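Below is work.cif, which holds mmCIF, C-alpha atoms.
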data_structure
loop_
_atom_site.label_atom_id
_atom_site.label_comp_id
_atom_site.auth_asym_id
_atom_site.auth_seq_id
_atom_site.Cartn_x
_atom_site.Cartn_y
_atom_site.Cartn_z
CA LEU A 876 70.80 103.90 134.77
CA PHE A 877 70.18 102.99 131.14
CA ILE A 878 71.84 100.87 128.45
CA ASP A 879 72.52 102.43 125.05
CA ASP A 880 73.96 100.93 121.87
CA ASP A 881 77.07 102.23 120.12
CA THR A 894 76.89 91.88 107.04
CA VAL A 895 79.63 90.32 109.17
CA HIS A 896 82.50 91.37 106.92
CA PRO A 897 85.86 91.57 108.74
CA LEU A 898 87.88 94.64 109.71
CA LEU A 899 89.06 94.93 106.09
CA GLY A 900 86.19 97.26 105.21
CA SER A 901 83.80 97.53 102.29
CA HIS A 902 85.21 95.29 99.57
CA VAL A 903 85.02 96.70 96.05
CA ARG A 904 85.90 95.18 92.68
CA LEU A 905 87.88 97.55 90.45
CA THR A 906 87.34 96.82 86.75
CA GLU A 907 89.15 99.81 85.21
CA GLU A 908 92.24 97.71 84.43
CA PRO A 909 93.50 94.21 85.31
CA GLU A 910 91.27 93.74 88.27
CA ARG A 911 92.01 95.11 91.73
CA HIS A 912 90.22 94.56 95.03
CA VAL A 913 90.02 97.31 97.64
CA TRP A 914 88.49 97.40 101.11
CA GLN A 915 89.55 100.68 102.77
CA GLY A 916 88.57 100.02 106.38
CA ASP A 917 89.34 101.66 109.70
CA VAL A 918 91.00 99.97 112.67
CA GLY A 919 92.11 100.91 116.16
CA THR A 920 91.25 100.67 119.83
CA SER A 921 88.09 102.71 119.18
CA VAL A 922 86.32 99.70 117.65
CA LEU A 923 88.86 96.92 118.26
CA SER A 924 89.42 97.65 121.93
CA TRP A 925 91.12 94.28 122.42
CA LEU A 926 94.04 95.56 120.33
CA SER A 927 95.18 97.38 123.47
CA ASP A 928 96.51 93.99 124.64
CA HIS A 929 99.45 94.34 122.21
CA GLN A 930 100.92 97.70 123.18
CA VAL A 931 104.53 97.57 122.00
CA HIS A 932 106.75 99.70 124.24
CA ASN A 933 103.49 100.65 125.99
CA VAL A 934 102.11 101.89 122.65
CA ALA A 935 99.30 100.02 120.89
CA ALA A 936 100.86 98.32 117.85
CA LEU A 937 99.17 95.94 115.45
CA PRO A 938 100.53 92.38 115.71
CA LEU B 876 52.89 79.79 109.69
CA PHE B 877 55.90 81.72 110.96
CA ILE B 878 57.98 84.84 110.52
CA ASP B 879 60.12 84.96 107.37
CA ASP B 880 63.17 86.56 109.16
CA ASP B 881 64.17 88.37 105.94
CA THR B 894 74.20 101.75 107.19
CA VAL B 895 74.63 101.80 103.42
CA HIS B 896 73.05 103.87 100.66
CA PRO B 897 70.88 101.49 98.58
CA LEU B 898 71.80 102.58 95.06
CA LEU B 899 75.47 103.27 95.83
CA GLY B 900 75.76 99.94 97.63
CA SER B 901 79.16 100.71 99.17
CA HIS B 902 81.67 103.53 99.43
CA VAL B 903 85.46 103.52 99.31
CA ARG B 904 88.01 106.34 99.49
CA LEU B 905 90.56 105.31 96.88
CA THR B 906 92.98 108.06 97.89
CA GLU B 907 95.60 107.80 95.17
CA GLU B 908 96.56 110.49 92.65
CA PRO B 909 94.04 111.68 91.55
CA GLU B 910 91.76 111.11 94.54
CA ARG B 911 88.69 109.11 93.54
CA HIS B 912 85.49 108.22 95.35
CA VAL B 913 84.14 104.85 94.20
CA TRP B 914 80.79 103.17 94.80
CA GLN B 915 79.75 99.58 94.10
CA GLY B 916 76.23 98.25 94.49
CA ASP B 917 73.22 96.51 93.01
CA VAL B 918 69.87 97.86 91.81
CA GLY B 919 68.15 94.73 90.51
CA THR B 920 64.52 93.94 91.20
CA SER B 921 65.54 91.23 93.67
CA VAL B 922 66.50 93.95 96.16
CA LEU B 923 64.53 96.91 94.79
CA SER B 924 61.23 95.15 94.19
CA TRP B 925 59.62 98.59 94.27
CA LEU B 926 61.82 99.64 91.35
CA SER B 927 60.15 97.03 89.13
CA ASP B 928 57.20 99.40 88.64
CA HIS B 929 59.19 101.69 86.33
CA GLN B 930 59.00 99.68 83.11
CA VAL B 931 59.01 100.92 79.51
CA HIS B 932 57.55 98.62 76.85
CA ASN B 933 56.87 96.20 79.72
CA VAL B 934 60.64 96.14 80.35
CA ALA B 935 61.77 97.25 83.80
CA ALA B 936 64.15 100.20 83.51
CA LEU B 937 64.98 102.77 86.17
CA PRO B 938 64.21 106.43 85.44
#
Re-express the file's structure as C-alpha cells.
Amino acid sequence: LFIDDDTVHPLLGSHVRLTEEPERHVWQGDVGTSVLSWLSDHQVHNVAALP
Amino acid sequence: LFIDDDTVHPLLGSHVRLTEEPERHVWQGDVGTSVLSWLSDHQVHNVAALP
C-alpha cells in the first residue's frame, strides 16, 4: 500500500518559433488516452476518436 | 521574512521533432544571466560570455 507519482502549457506541446523563413510556430505534442484518459469518453463506434 | 517560492535541458530549452523532408531536430531556449546566474562568472574583458 503506497502512492507513487506518474509550465502549464496545453496539450499542444513545446512551442517553438521558427525564424528560417516567414515565421512559423510549431508545438509537436503527444495526445491520447495514456495522458488524456478522459478522451475515452468520446469513443466513436466504440473507438476513441478526438472530438 | 518568508520563503521566496522561486524535464527540460537548460541550454537547449525545448525540443521539437520537425519531421518533414529533410528531418530536422530543433531546439529553442535561453541562456541569459537571469536564468543562468552561475554562467555570469565566465566574462572576458568584464563582459559575460559563455565558453
query: Which residue, B:877, B:923, B:929, B:916, has the smallest gap to residue 904 (chain A) when you use only C-alpha atoms?
result: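 Counting only C-alpha atoms, the residue closest to residue 904 (chain A) is B:916.
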Mind fitting chain A to chain B by least squares on all Cα atoms in order and giving back the moved coordinates as a CSV table (one decimal) with C-alpha atoms, in the frame of the given file?
chain,number,residue,atom,x,y,z
A,876,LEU,CA,52.8,79.6,109.2
A,877,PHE,CA,56.0,81.4,110.2
A,878,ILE,CA,57.7,84.8,109.4
A,879,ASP,CA,61.3,84.8,108.3
A,880,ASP,CA,63.7,87.6,107.5
A,881,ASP,CA,65.5,88.1,104.2
A,894,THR,CA,74.3,101.7,108.2
A,895,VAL,CA,71.5,103.2,106.1
A,896,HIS,CA,73.7,104.0,103.1
A,897,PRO,CA,71.8,104.3,99.8
A,898,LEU,CA,71.7,101.9,96.8
A,899,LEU,CA,75.1,103.2,95.7
A,900,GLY,CA,76.9,100.6,97.6
A,901,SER,CA,80.0,100.6,99.9
A,902,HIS,CA,81.7,103.9,99.4
A,903,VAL,CA,85.5,103.8,99.1
A,904,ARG,CA,88.0,106.6,98.9
A,905,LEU,CA,90.7,105.9,96.3
A,906,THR,CA,94.0,107.7,97.1
A,907,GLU,CA,96.3,106.2,94.5
A,908,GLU,CA,96.0,109.3,92.3
A,909,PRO,CA,93.9,112.5,92.3
A,910,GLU,CA,91.2,111.1,94.4
A,911,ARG,CA,88.3,109.0,93.2
A,912,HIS,CA,85.2,107.8,95.0
A,913,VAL,CA,83.7,104.4,94.2
A,914,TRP,CA,80.6,102.6,95.5
A,915,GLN,CA,80.0,99.5,93.4
A,916,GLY,CA,76.5,98.5,94.4
A,917,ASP,CA,73.9,96.2,93.1
A,918,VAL,CA,70.4,97.2,92.0
A,919,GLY,CA,67.3,95.5,90.6
A,920,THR,CA,63.9,94.2,91.4
A,921,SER,CA,65.4,91.6,93.7
A,922,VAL,CA,66.1,94.2,96.4
A,923,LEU,CA,64.3,97.2,94.9
A,924,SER,CA,61.1,95.5,94.1
A,925,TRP,CA,59.3,98.9,93.6
A,926,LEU,CA,61.4,99.4,90.5
A,927,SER,CA,59.0,97.1,88.7
A,928,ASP,CA,56.6,100.1,88.6
A,929,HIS,CA,58.8,101.6,85.7
A,930,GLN,CA,58.8,98.8,83.2
A,931,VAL,CA,59.5,100.4,79.9
A,932,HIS,CA,57.9,98.5,77.0
A,933,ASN,CA,56.9,96.0,79.7
A,934,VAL,CA,60.6,95.6,80.7
A,935,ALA,CA,61.9,97.0,84.0
A,936,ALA,CA,64.0,100.0,83.2
A,937,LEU,CA,65.7,102.4,85.6
A,938,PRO,CA,64.1,105.9,85.5
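Using all atoms listed in the file, the part of chain A that sits within 10 Å of chain B is made up of residues 900, 901, 902, 903, 904, 905, 913, 914, 915 and 916 of chain A.
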query: In Å, how far is it from CA of residue 876 (chain A) to CA of residue 922 (chain A)?
result: 23.5 Å
- prompt: Mind pulling up the distance from CA of residue 878 (chain A) to CA of residue 917 (chain A)?
  reply: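 Straight-line distance from CA of residue 917 (chain A) to CA of residue 878 (chain A) works out to 25.7 Å.
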- request: State, in Å with one decimal place, the distance from CA of residue 920 (chain B) to CA of residue 937 (chain B).
  value: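 Atom-to-atom, CA of residue 920 (chain B) to CA of residue 937 (chain B), that is 10.2 Å.
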With all atoms of region 877-908 of chain B from the file as input, state the centre and edge lengths in Å to one decimal of the axis-aligned box that has 8 Å extra on each side, as JSON.
{"center_x": 76.2, "center_y": 96.1, "center_z": 101.8, "size_x": 56.7, "size_y": 44.8, "size_z": 34.3}
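Each of B:911, B:879, B:926, B:898 was checked against residue 938 (chain B) using only C-alpha atoms; the smallest atom-to-atom distance is that of B:926.
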For residue 935 (chain B), the nearest of the candidates B:919, B:907, B:894, B:912, counting only C-alpha atoms: B:919
Write out N, CA and C atoms for region 900-936 of chain B, as a short mmCIF file (atom, residue, chain, number, x, y, z; two decimals), in the frame of the given file.
data_model
loop_
_atom_site.label_atom_id
_atom_site.label_comp_id
_atom_site.auth_asym_id
_atom_site.auth_seq_id
_atom_site.Cartn_x
_atom_site.Cartn_y
_atom_site.Cartn_z
N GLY B 900 75.41 101.29 97.25
CA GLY B 900 75.76 99.94 97.63
C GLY B 900 76.97 99.81 98.53
N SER B 901 77.95 100.70 98.36
CA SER B 901 79.16 100.71 99.17
C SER B 901 79.97 101.93 98.77
N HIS B 902 80.79 102.40 99.69
CA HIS B 902 81.67 103.53 99.43
C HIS B 902 83.10 103.16 99.79
N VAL B 903 84.04 103.75 99.07
CA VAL B 903 85.46 103.52 99.31
C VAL B 903 86.23 104.77 98.90
N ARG B 904 87.19 105.16 99.74
CA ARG B 904 88.01 106.34 99.49
C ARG B 904 89.34 105.88 98.90
N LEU B 905 89.34 105.68 97.59
CA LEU B 905 90.56 105.31 96.88
C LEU B 905 91.45 106.54 96.75
N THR B 906 92.25 106.80 97.78
CA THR B 906 92.98 108.06 97.89
C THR B 906 94.38 107.95 97.28
N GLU B 907 94.39 107.72 95.97
CA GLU B 907 95.60 107.80 95.17
C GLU B 907 95.58 109.12 94.40
N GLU B 908 96.51 109.28 93.46
CA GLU B 908 96.56 110.49 92.65
C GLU B 908 96.04 110.19 91.25
N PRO B 909 94.90 110.75 90.83
CA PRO B 909 94.04 111.68 91.55
C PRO B 909 93.10 110.98 92.52
N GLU B 910 92.66 111.69 93.56
CA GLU B 910 91.76 111.11 94.54
C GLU B 910 90.42 110.77 93.90
N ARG B 911 89.93 109.56 94.15
CA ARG B 911 88.69 109.11 93.54
C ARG B 911 87.79 108.49 94.59
N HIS B 912 86.53 108.90 94.59
CA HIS B 912 85.49 108.22 95.35
C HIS B 912 84.83 107.19 94.45
N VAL B 913 84.66 105.98 94.97
CA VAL B 913 84.14 104.85 94.20
C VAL B 913 82.98 104.23 94.96
N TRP B 914 81.93 103.87 94.23
CA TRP B 914 80.79 103.17 94.80
C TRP B 914 80.47 101.92 93.99
N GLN B 915 80.09 100.86 94.70
CA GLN B 915 79.75 99.58 94.10
C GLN B 915 78.49 99.04 94.76
N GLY B 916 77.49 98.72 93.95
CA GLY B 916 76.23 98.25 94.49
C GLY B 916 75.40 97.53 93.46
N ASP B 917 74.17 97.20 93.86
CA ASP B 917 73.22 96.51 93.01
C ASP B 917 71.88 97.23 93.06
N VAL B 918 71.20 97.26 91.91
CA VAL B 918 69.87 97.86 91.81
C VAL B 918 68.86 96.95 91.14
N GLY B 919 69.09 95.64 91.14
CA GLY B 919 68.15 94.73 90.51
C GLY B 919 66.84 94.63 91.27
N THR B 920 65.84 94.06 90.60
CA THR B 920 64.52 93.94 91.20
C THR B 920 64.49 92.98 92.38
N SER B 921 65.50 92.13 92.52
CA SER B 921 65.54 91.23 93.67
C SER B 921 65.62 92.02 94.97
N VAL B 922 66.40 93.09 94.99
CA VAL B 922 66.50 93.95 96.16
C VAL B 922 65.44 95.04 96.06
N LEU B 923 65.49 95.82 94.99
CA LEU B 923 64.53 96.91 94.79
C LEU B 923 63.30 96.41 94.04
N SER B 924 62.49 95.62 94.76
CA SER B 924 61.23 95.15 94.19
C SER B 924 60.32 96.31 93.82
N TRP B 925 60.39 97.40 94.59
CA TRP B 925 59.62 98.59 94.27
C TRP B 925 60.03 99.16 92.92
N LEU B 926 61.32 99.06 92.59
CA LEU B 926 61.82 99.64 91.35
C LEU B 926 61.25 98.95 90.12
N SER B 927 60.69 97.75 90.27
CA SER B 927 60.15 97.03 89.13
C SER B 927 58.95 97.74 88.50
N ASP B 928 58.35 98.70 89.20
CA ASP B 928 57.20 99.40 88.64
C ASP B 928 57.58 100.22 87.42
N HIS B 929 58.74 100.87 87.45
CA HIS B 929 59.19 101.69 86.33
C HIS B 929 59.62 100.78 85.19
N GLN B 930 58.72 100.53 84.25
CA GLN B 930 59.00 99.68 83.11
C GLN B 930 58.49 100.34 81.84
N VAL B 931 59.35 100.39 80.82
CA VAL B 931 59.01 100.92 79.51
C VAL B 931 58.91 99.75 78.54
N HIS B 932 57.84 99.74 77.75
CA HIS B 932 57.55 98.62 76.85
C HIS B 932 57.49 97.31 77.60
N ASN B 933 56.94 97.35 78.82
CA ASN B 933 56.87 96.20 79.72
C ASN B 933 58.25 95.66 80.07
N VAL B 934 59.27 96.51 79.99
CA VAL B 934 60.64 96.14 80.35
C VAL B 934 61.08 97.06 81.47
N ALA B 935 61.43 96.47 82.62
CA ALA B 935 61.77 97.25 83.80
C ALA B 935 63.07 98.02 83.58
N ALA B 936 62.98 99.34 83.64
CA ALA B 936 64.15 100.20 83.51
C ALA B 936 63.99 101.38 84.46
#
